[PDB]
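All remarks here apply to the structure that follows.
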Amino acid sequence: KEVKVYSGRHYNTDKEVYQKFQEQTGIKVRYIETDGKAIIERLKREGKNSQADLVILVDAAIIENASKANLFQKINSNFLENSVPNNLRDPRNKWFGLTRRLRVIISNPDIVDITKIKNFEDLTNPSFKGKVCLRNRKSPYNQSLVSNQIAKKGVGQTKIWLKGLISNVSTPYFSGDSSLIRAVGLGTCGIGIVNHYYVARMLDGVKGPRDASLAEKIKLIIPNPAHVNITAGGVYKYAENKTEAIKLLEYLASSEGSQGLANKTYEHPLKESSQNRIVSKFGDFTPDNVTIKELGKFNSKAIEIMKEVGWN
Ligand SMILES: [Fe+3]
């Protein structure tokens, strides 16, 4: 028996976890790891001829794209239904969260006054004019942040916030989070918005000594309440090895599988915060209770309004 996994978790750090499942169960795991959007396009084109069984995707936005493209089938699993928090699954049981990440504020204390920064709203403060730097709007991460703001506050108030934030940006938009972290730790940017785990990975040396140096200079700020995003897995609509796929998903979503995945990328497990010392030090967070499904719903509107204010 085998199962075929097409995984959007393109970190090059998950193979160990599939090995554990293989030993424990005997089920052979055949694993492709690449860009999520490349997987979506391939599956649409292959259809009933695809050899995917289990699909894993990063970020609410891409999960929404796969769901709109009808890539998942509904599954029944007493375990998943009763172990995965409602806010991090499909209310219609086509996908299930596996790891949690936070999009957070980073800062350089020698450029800006951190005592004035608590939440995202604070970044419209005109004293930060010239000092704010962002990754571009093509990142699903960014789109999902803005979607979060629309869920709670509605479209009107989000625009106000966006105009005020983009007013303070005087630097070309970045193409990655990692390079945004450099610019903050170097001091050419005062403030950035990045995912937590990139700061932790760089602190831990994963990208060599210079980046580790630049990362030590930053002050990470977790907004309260926090915006939470996920990686998620679902069973392919035409999966040949359906039984095996569910089982593997059941394992990835358990405490062992979830910790396994999360510990590789410095993310938080599904039901409890990370035990990693570097991640722990960022401090404790509280989820704002916006559901991953809501983040999907408003992804369209978010990109509309992002373009309208000038977030390129
Ligand atoms: Fe990422």
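Values below: all heavy atoms of this structure, side chains included; hydrogens, waters and symmetry mates excluded. First listed ligand is number 1; within each ligand, the first listed atom is number 1. Along the sequence shown, the residues carry numbers beginning at 1.
- Listed by chain and residue number, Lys293 satisfy the salt bridge (charged side-chain N to carboxylate O under 4.0 Å, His left out) test with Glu64 (two or more places apart in sequence, or in another chain).
- Protein atoms that are N, O or S and lie under 2.8 Å from the Fe ion (ligand 1) are these: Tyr11 OH, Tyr141 OH, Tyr197 OH, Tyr198 OH.
- Using bins of under 30°, 30° to 60° and over 60° for the plane-to-plane angle, the ring pair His196/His268 lands in the tilted bin.
- Taking the six-membered ring for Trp and the full ring otherwise, the centers of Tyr197 and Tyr11 sit less than 6.0 Å from each other.
- Aromatic ring centres of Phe120 and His227: separated by at least 6.0 Å.
- With no hydrogens or angles considered, no side-chain donor-acceptor pair links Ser254 and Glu256 at under 3.5 Å.
- With no hydrogens or angles considered, a side-chain donor-acceptor pair links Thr99 and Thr231 at under 3.5 Å.
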